[PDB]
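S.K.: Quick one: the structure is below, and I'll ask about it shortly.
2 protein chains.
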Amino acid sequence: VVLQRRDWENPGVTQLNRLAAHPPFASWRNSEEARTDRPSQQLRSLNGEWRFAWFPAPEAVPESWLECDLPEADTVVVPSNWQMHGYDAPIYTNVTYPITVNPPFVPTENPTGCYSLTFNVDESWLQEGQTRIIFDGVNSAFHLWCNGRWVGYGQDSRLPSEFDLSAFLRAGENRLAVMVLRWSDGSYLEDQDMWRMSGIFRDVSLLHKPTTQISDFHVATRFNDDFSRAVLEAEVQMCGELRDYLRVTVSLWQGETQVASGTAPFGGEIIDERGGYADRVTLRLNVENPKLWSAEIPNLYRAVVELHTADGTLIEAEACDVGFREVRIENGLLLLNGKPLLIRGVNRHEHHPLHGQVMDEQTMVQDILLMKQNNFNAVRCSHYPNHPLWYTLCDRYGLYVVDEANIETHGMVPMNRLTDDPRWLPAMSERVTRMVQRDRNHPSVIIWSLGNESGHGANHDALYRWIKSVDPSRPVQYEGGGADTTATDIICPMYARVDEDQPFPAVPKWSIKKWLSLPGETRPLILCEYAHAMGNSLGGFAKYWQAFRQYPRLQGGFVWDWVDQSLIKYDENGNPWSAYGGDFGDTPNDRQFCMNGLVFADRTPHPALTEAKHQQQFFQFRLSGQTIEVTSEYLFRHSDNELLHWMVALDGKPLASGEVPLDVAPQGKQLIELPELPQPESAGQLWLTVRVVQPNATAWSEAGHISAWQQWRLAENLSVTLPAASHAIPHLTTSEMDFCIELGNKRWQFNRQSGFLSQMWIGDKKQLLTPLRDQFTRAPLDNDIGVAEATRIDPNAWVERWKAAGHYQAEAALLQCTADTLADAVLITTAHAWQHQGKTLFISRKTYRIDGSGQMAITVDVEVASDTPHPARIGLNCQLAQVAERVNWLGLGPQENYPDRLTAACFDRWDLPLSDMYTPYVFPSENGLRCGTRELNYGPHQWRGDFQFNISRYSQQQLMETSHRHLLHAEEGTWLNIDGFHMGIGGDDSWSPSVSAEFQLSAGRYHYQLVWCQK
Amino acid sequence: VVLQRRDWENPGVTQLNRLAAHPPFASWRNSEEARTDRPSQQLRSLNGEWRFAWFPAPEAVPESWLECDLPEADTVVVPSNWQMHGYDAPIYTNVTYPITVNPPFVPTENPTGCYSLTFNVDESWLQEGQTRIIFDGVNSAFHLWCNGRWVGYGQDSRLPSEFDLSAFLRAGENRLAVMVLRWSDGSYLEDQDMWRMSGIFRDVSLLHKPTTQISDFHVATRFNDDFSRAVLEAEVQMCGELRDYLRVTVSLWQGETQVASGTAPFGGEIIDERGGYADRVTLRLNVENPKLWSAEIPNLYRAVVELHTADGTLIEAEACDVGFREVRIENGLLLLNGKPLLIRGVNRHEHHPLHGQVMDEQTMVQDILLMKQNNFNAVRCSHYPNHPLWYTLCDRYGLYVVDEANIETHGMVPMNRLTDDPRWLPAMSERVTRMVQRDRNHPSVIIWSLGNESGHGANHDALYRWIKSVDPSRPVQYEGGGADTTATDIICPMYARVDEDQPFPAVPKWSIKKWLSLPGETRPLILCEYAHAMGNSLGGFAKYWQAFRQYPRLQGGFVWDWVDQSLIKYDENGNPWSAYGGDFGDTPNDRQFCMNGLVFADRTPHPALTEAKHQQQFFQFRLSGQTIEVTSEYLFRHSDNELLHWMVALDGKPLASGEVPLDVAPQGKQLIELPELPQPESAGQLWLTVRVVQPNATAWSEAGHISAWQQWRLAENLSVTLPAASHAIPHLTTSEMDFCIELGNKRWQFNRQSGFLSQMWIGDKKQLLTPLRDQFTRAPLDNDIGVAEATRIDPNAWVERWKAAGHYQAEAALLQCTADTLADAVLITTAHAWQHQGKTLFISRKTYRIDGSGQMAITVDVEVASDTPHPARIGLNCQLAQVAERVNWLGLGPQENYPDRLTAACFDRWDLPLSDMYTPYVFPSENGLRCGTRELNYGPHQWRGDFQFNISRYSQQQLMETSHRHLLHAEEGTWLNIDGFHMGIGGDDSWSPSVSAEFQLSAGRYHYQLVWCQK
Ligand SMILES: [Mg+2]
Ligand SMILES: [Mg+2]
Ligand SMILES: [Mg+2]
Ligand SMILES: [Mg+2]
Ligand code: NA
Ligand code: NA
Ligand code: NA
Ligand code: NA
Ligand code: NA
Ligand code: NA
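Chains D and A, in that order, are what the protein sequence lines are. Counting in PDB author numbering, the first sequence runs from 9 upward without gaps. Counting in PDB author numbering, the second sequence runs from 9 upward without gaps.
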């Protein structure tokens, strides 16, 4: 029947013999074990070594496999994705389906994973009760056999499939055979923008329940007006034979203290003309002054559900963590415990560079700690229900969760083709309903989502209403079909900009500020995805947060996204390197578009993370006179683990510093009066830096963790004192080919043919490897490239405009090169035109003034043709001979910062190793810039002015020519790019120009000045 | 795979390889044929003689049957139910499922119908295009084979199942094999209160569509504020390969005049980020001053949908009737074309006494004609989608239709066990979605219903919203779970009473007047079921209509129900008789509860129909002096086929009459001045009767049809004249056992032992067969019995209270019997007590005064113990020796009428054959009463007074002892029951006391007087 029915090409069959979904069960037979959440003897993990054989299709599976281990099969670890063991290739595609679009059919060549396990079941489980097997995750569809007999079938890669094995198991040795199909009709609802893998990728377990058993339970908590009183309402459902002596006790615990308890026999209230549920009971417990759950303070109680007898004999016990919180939208605002939330969220896929889509505790805990340490309080499960442990950790560490149905049909044309089709309603309904049935008791889940990128169809409205009817405690959201449809309680757009409208037909992305106030619109706005963090990105992040803080109904959003989906590959020498789309022979693919994270795949932070941390701070600061006003954006907690450090520095030189304890109520303010500052006579800018430090360790952070910061300029004393007049005068030497200047052991050489400083000598040592030349281009960022699909070529993308205009191939034509001797200096005057096909793109006019003190003052005035696309940068570059270990600068740092991503950086004296001045983006691009720099030091060299710079062993040319970071080779010496001006990086999205007008280099005329000297 | 999978015990499989649902198709290849709705050569009927074999289970079907006929099978007509051919028994159960409640499982003994057909398929049908088979109704599940090969499977008994046979057929002879299962998992959703049958009971046909085809189309009509302008919007979908030369033309016709036309290529507007529907097109046609559709004037247009090439080759045409109307709920009122409807509705099952649940055009038309002739304007499809032709006939004749999904789970405990279960949402969703997809273009359908008696579950809420999303043009209603849930636009209770609350826990039935004004309630109220017409019923019908006319938001209801579900059986002599539950060996069963109709199964009216007709009249009347005020309750039409006839009579004797044409605007009034009526000389009451007559035939009625009537009392002249004094004196003779009175040829005999008139002589011929005795009981009506289930005994039911009180077995005890000779009379005085086990129930005190003119004046004074249940009647009865041909009376008539059902009856002189004075209710009961009678004539006898009477060949005793009307035998002579007082019949429902307090005999003391004489 299996090969004949083809259940995997029929959306009307999504399972056979599958048990009903439910909340996490462990079937404890001891109440104390249930209370403490300790292991249950009745719940057994089947994770470990399994037998596995790969086949190109289900027809290729030999019938002997049903009863006998195949000798060709390998021993593998389970849970696993079989692409990670190398049996076939993982595929990265964004929108376009990995299979031909022909529902409900899949390719006849359908990679098939035959898993099997020989295992022992103890005699006790056979005589009495029910033994079920639970597969927490099988991608994408599977048939199940036990001891050669067919058991059932299951679909939906992201939710547990469970089957009764009581009638299939025997004394001693048993064998399970699992035939997993890569493709099925389920694949049409699984078109998420991520790697396409398959296999038994989440836990496998055996659970033993009595015949008379708790089959479901729901915990609800409702509150009075000031949250001083709560009622915990618990509905408990049973299966098995009903008896008059049966009882349910629900008890609520706070540590070892029982705070409330209720006991009742089965028999619900009358529901209709035919009665009520005899097999159900609802317990109501009163709790006075409950401790409330939030992400700020994740207060939890333990509920223990006991199925027992009247005379006091336990049959079984289940349990859950309970967080007392209320979620409601009121007057246009999303409230938690009566207070408006500000969502500092991030989208997080389930990804590991080694293990694929298999999740483990260590990695999950790592992500949560890093999220909380960087001021995130919310996570969206993009775009499927997660590994069950994720919700436990969110409950316990404290994160708001958007739990999202495993439904995405992005690749359909139009996007709603399936979701508007009633024939696909059954498949869709199960992905929503079984999610709710599983996760409804988790306090961390505050919002339900209907899925992702599936247009808006009538099936969405049906399922929206289903959830609203079944669980009034959580809003339902869904972005598809315009982000403000009838299927959503929350205006939840993706990549809607702050001020700029994007008026796409049918599905516009309005300015978020404008969207709120459209005629008739009353709902809160929280972006489900924003600030697309692909490569060198998060330009304009501060603009979002300013708007979130200003507009009550703008309640934040979820950054896209947490972690790069890069996979580990190995070269000839067995050295690991980060791979993306296409690196596995997978075609078609969408290349580096799988990497959009704030962190690298190994959870090393990208520079963008510190900007996110800074903008998402829970303390806001103002300065007036010497008064710092600290405002708390905590809704619930006081600042009981916070002190304020302050320091004043004169151009990086410390002058005064102190600390003050913070005592701010939620939403409150504290005024801190700075002591009288000893002013300096010497010139320069005084800078005040404040930092909020957590003196004590928490569950999620170390002692001394810095949670917030801010800088202000204080007094400036401008330098008026003349530089000490030098005795020596530099000497000009003229030839046909070169102008040469000499002063002591220093020589400067200007090539009269090129018009550039071609060489510098300190004694007989050459300082340059490539001449000092203007640069107007950058190695293109993912944002400049502006591509979401590898097939899509957009003439409007920045990089395409720069290419089409000749920016990358414009050659410098010399217009003027003259030398003059002054009283105490030599003056070199130059002029250059950059042209492409008879069109002058840029003109640079310079003076180099070399005085008797050995300083070269470079003055640069640039013209940019108003009709050429605005250049990526306006500066100079050269390759220095020197390779030094350290880079020292007075400017914004310490991390990479760009003009539209520099709010997190602070002005100070910074000193890093050279390798830290390069950001290892997996797809190489312009990187490592630091802005607002007044002084840069490298080996013998010092540069002074007001510039942006990067410095590394990689030229812009190499960076733009190399597709992977592991293929980069250090060049001879050091490439310095010093910019007068540099373009924003943008990132509102990465598939259209996203750089805001004010960060584009459109002024037409530009001036900057540098002093180069040897200190 | 078939016997192994058991798809009929799987709610997750409701079909296999079934094609998408759609509006009625005929695939015309000529546009004129499409327009005129003439037969299509591409649509062939497979109705006629098929091959049938019955089997106790599917496992008993011989595998030979697939490829070859079984000679042991019979030739039967299709469509049919196989219970109607004798193969097994039809089962009548109300609530309790006909199978053990063990979802999804059905009994292993699952009766199985093996249908097969051998038929010709022409070559032209297989060379080009697609050949599909359509099963309009198969009860309840089936597998399909074509030429031995398995095609598919389908569930839902009440919607068409369709399969592509293109790859299965050959030129010339082919064979179909259909294995129909009586029970399936679909039976759990098919628990309607009706005969449980099975088989291919609706049409089977073959449809040829071209490869490039119209696969769906939707017609919408929207209007400006005053309906002077309309836009017809038609969405058309195609299958096949898309081509730039393809076009759709939608043309709209009014008779032979084309009114509007639109032509367009395929390609819908942009829908989302992925584009729009390339395979769809929407045509918009402007119509100025559209002729509007309503039940009053069913104006229809013809829409022809042409799929063709740009240069004009027709590929295929589909078509439909279009009715321009708007249905909306505004400010708590249901509006059609801007006007508030008053629903004069009835529930109608698909029932034929000879053919079961097979429907034919003739029966459908008969039903529509009778409905409209009796002032109905609406029908509810209780409780499933109907035969497709019903909707066409409702479109054309003009009836408002509630189209209801085939979902009833009444027998579940609680009622919502399956409807609140997400596992059953897929099966439920198809029963809703496929109905809407089929019927959405029929203008007669004004409201969608989600099913019946399935409680209220989350699945209802989901499917409610689905319909609201897909079709905004029609309100959605559903009664389950209390009639005012979140799943209904209309408060739609069943059997809620007018003034009386029924406060059931969880699902109360409030007084309808009170329900409207409950805090926060704003919706309209229209009863889905009311005035249960079981047997002698519809008491209190006028109370509903009074309330409907007074309260704007009470907008009517649907009577339960149209036609008795009785089936024909044949006796030993081959004579037909009407059978109800239990008469087929079916057990358990609910007996006569299948008969609740206004008409008998052969469409002969019950007496209740005339009461409905009268109360549902469209003209209302008031009298003031000589002025008649006629008010129209038409919303749209003027009274252009109506004349008012009026007549004044003095105690039945005509004195003056006339007629006046009616000219009343919709909702308007007309004043009619009666001419001066000459005074009558003689005594008596003048009566005015008005009738609205339709001079012209219509599509639904004959010339001279009476649509409305009303009566008033005018002047009364009370008789003051003394009856001529006679010179004869009656003579008293006394013995131990008798008082005898003689006058001329007349003799009366009073038995002194019993105290009753035991005999009466005219010309020494005996007039009585049984003495004249008081009667306080009636052969109980179905309403008195008070049973919805044959297992349920209710001590509160009228019959049970009467029985427990000993009313039916109390015997007369003589207290007094005396005789006095007077001047011109003999006076007999009697007194009796009726007692049961020590308790005196009633006392009757009488005088009989026999004077010289031969008249016997009887005066009766009765006492009824205040603590005994109020008696059914207070009167006399006797068995007359005479059988006469005619009954002549001055009173209310001509039809049977009871105190709470006499509004339709008129006071006049009526003359009927004796048989008309008996109503042949299938379950015999008290019947044939006529109220407000002043004079009764039968043979030589005349009774005068003010009484209610019935007269027949059947005693109350025989009536109450006989379970079927065919088992009744005429008794010797004629039983006369003359009542001073008679209890109401009730009928708000038939399973609880429903007689209103004002119609109960609770006064304690009663008085009436009769004069008995010879004329
Ligand atoms: Mg499937
Ligand atoms: Mg997508
Ligand atoms: Mg089934
Ligand atoms: Mg029912
Ligand atoms: Na806000
Ligand atoms: Na991506
Ligand atoms: Na590159
Ligand atoms: Na009304
Ligand atoms: Na009934
Ligand atoms: Na009877």
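Positions of the beta carbon are idealized from the N, C-alpha and C atoms, including for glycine.
1. Closer than 6 Å from C-beta to any heavy atom of ligand 1: which residues, in chain order?
2. Is any heavy atom in ligand 10 found nearer than 7 Å to the beta carbon of residue 481/A?
3. Would you give the residue range spanned by the beta strand (DSSP E) that residue 315/A belongs to?
4. Here's the rule: buried if 16 or more other CB atoms are within 10 angstroms of the residue's CB, otherwise exposed. What is residue 68/D?
5. Among 562/D, 389/D and 404/D, which residue has its Cα nearest to the Cα of residue 305/D?
6. Against chain A, which members of the stretch 270-290 of chain D pass a CB distance test of less than 9 Å?
7. Just by C-beta distance, which residues in the stretch 432-456 of chain D are closer than 7 Å to chain A?
8. Since residue 159/D meets chain A, which of its residues come closer than 7 Å, beta carbon to beta carbon?
9. Any heavy atom of ligand 6 closer than 7 Å to the beta-carbon of residue 1031/A?
10. Residue 137/D CB to nearest chain A CB: under 8 Å?
11. Distance check for residue 675/A and residue 423/A, CA to CA, integer angstroms please.
12. Would you say residue 477/A reaches chain D, if we count a Cβ-Cβ gap shorter than 8 Å as a contact?
13. Would you say residue 791/D faces chain A, with C-beta separation under 8 Å as the test?
14. With DSSP as the reference, please indicate the residues paired to residue 99/D in a beta bridge.
15. With 16 other CB atoms within 10 Å as the buried threshold, where does residue 450/A fall?
16. Does DSSP classify residue 63/A as helix, strand or coil?
17. Could you please tell me which residues of the stretch 14-25 of chain D, in chain order, have their CB closer than 9 Å to any CB of chain A?
18. In the structure shown, what three-state DSSP assignment does residue 135/A receive?
19. Using DSSP bridges, identify the partner residues of residue 847/D.
20. What do you get for residue 650/A, buried or exposed, if any count of 16 or more other CB atoms within 10 angstroms of its CB means buried?
21. What residues in the stretch 483-517 of chain D bring their beta carbon closer than 8 Å to a beta carbon of chain A?
22. For residue 392/A, which option in 61/A, 51/A, 894/A and 460/A has the closest C-alpha, if you only look at C-alpha atoms?
23. Alpha carbon to alpha carbon, how far is residue 356/A from residue 934/A? Give it in angstroms, no decimals.
24. So which of 765/D, 235/D, 635/D and 653/D has the shortest CA-CA distance to residue 777/D?
25. In this structure, what does DSSP give as the bridge partners for residue 351/D?
26. Can the beta-carbon of residue 24/D be found closer than 8 Å to that of residue 153/D?
27. Name the chain D residues whose beta carbon is nearer than 7 Å to that of residue 424/A?
M.R.: The answer reads as follows:
1. Qualifying residues come out as 15/D, 16/D, 18/D, 19/D, 21/D, 22/D, 163/D, 192/D and 193/D.
2. Checking every heavy atom of ligand 10 against the Cβ of residue 481/A, none is found closer than 7 Å.
3. Residue 315/A -> beta strand (DSSP E) spans 309-317.
4. Per the 10 Å Cβ criterion, exposed.
5. Looking at the Cα atoms, 404/D is the closest of the given residues.
6. Result list: 276, 277, 278, 279, 280, 281, 282, 283, 284, 285 and 286.
7. Under the 7 Å Cβ criterion, the stretch 432-456 of chain D contributes 433, 434, 437 and 441.
8. Within 7 Å Cβ-Cβ: nothing; residue 159/D doesn't reach chain A, min ~14 Å.
9. Shown here, chain A extends from 9 to 1023; a query on residue 1031/A therefore has no answer.
10. With 8 Å as the cut-off, residue 137/D does not count as an interface residue toward chain A.
11. Taking the straight line joining both Cα atoms gives about 43 Å.
12. Answer yes: the Cβ-Cβ gap between residue 477/A and chain D drops below 8 Å somewhere.
13. Not an interface residue.
14. Per DSSP, 204/D.
15. Residue 450/A counts as buried, since no fewer than 16 other beta carbons sit within 10 angstroms of its beta carbon.
16. Reduced to three states, the DSSP call for residue 63/A is strand.
17. For the stretch 14-25 of chain D, which is checked against every Cβ of chain A, the residues closer than 9 Å are 18, 20, 21, 22, 23 and 24.
18. Helix.
19. According to DSSP, residue 847/D bridges with 844/D.
20. Buried: at least 16 other Cβ atoms inside 10 Å.
21. Residues are counted here when their Cβ sits less than 8 Å from a Cβ of chain A; for the stretch 483-517 of chain D these are 488, 489, 490, 494, 512, 513, 514 and 515, given in chain order.
22. Check the Cα spacing between residue 392/A and each of 61/A, 51/A, 894/A and 460/A: the tightest is with 460/A.
23. Rounded to whole angstroms, residue 934/A to residue 356/A spans 26 Å at the Cα level.
24. It is 765/D whose Cα lies nearest to the Cα of residue 777/D.
25. In the DSSP assignment, residue 351/D forms a beta bridge with 564/D.
26. Their beta carbons are not under 8 Å apart, which means residue 24/D does not touch residue 153/D by this criterion.
27. One finds 279 and 280 in chain D with Cβ atoms closer than 7 Å to the Cβ of residue 424/A, taken in chain order.
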